[PDB]
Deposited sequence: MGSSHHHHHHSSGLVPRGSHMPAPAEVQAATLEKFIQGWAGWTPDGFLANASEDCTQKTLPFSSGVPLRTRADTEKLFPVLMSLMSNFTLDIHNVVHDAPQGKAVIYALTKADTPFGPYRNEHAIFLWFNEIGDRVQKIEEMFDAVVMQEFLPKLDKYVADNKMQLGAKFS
């Protein structure tokens, strides 16, 4: 895939994340992996992502994305982003950082695969709160 069509996909993925979109630029068979592998989280399908994202958006306001580093390997059709996010939530201020590994599809115009390492120390505080929120409200 041409470096410039990949770069377009990369830019639209970032703009979609900052807009709070994300999934317009992902192919239909895209998967998301939570790193590290030791965390033992199964891949998320596209269908999974479309259910989780409304819950997140519904809980996070003033969502802000700060891009720290973008590394693009056009010959391999791969990229990495390091980003920092913040938002307001009913559980308090939310802060996270992401090293997101991206693979583009054959043509270069879609994200085919995602692997993402989060701020694990923040997540072990935040993520069970979300699961509690869903259980208490029975979704």
item	value
Deposited sequence positions missing from the model - stretches, numbered from 1, in order	1-22, 43-45, 165-171
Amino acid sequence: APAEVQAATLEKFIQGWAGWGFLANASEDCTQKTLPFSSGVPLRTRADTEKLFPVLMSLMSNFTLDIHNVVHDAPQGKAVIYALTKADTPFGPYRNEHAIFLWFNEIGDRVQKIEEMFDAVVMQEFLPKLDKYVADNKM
From here on, numbers count along this sequence of modelled residues.
query: Higher-B stretch (mean Cα B-factor, as the entry records it), 22-30 or 57-65; finding: 22-30
query: Stretch exceeding the other in mean C-alpha B-factor - 125-133, 111-119; finding: 125-133
query: Among modelled residues of the same chain, the CA temperature factor third for residue 48; finding: middle
query: Record-listed C-alpha B factor of residue 106: chain third; finding: highest
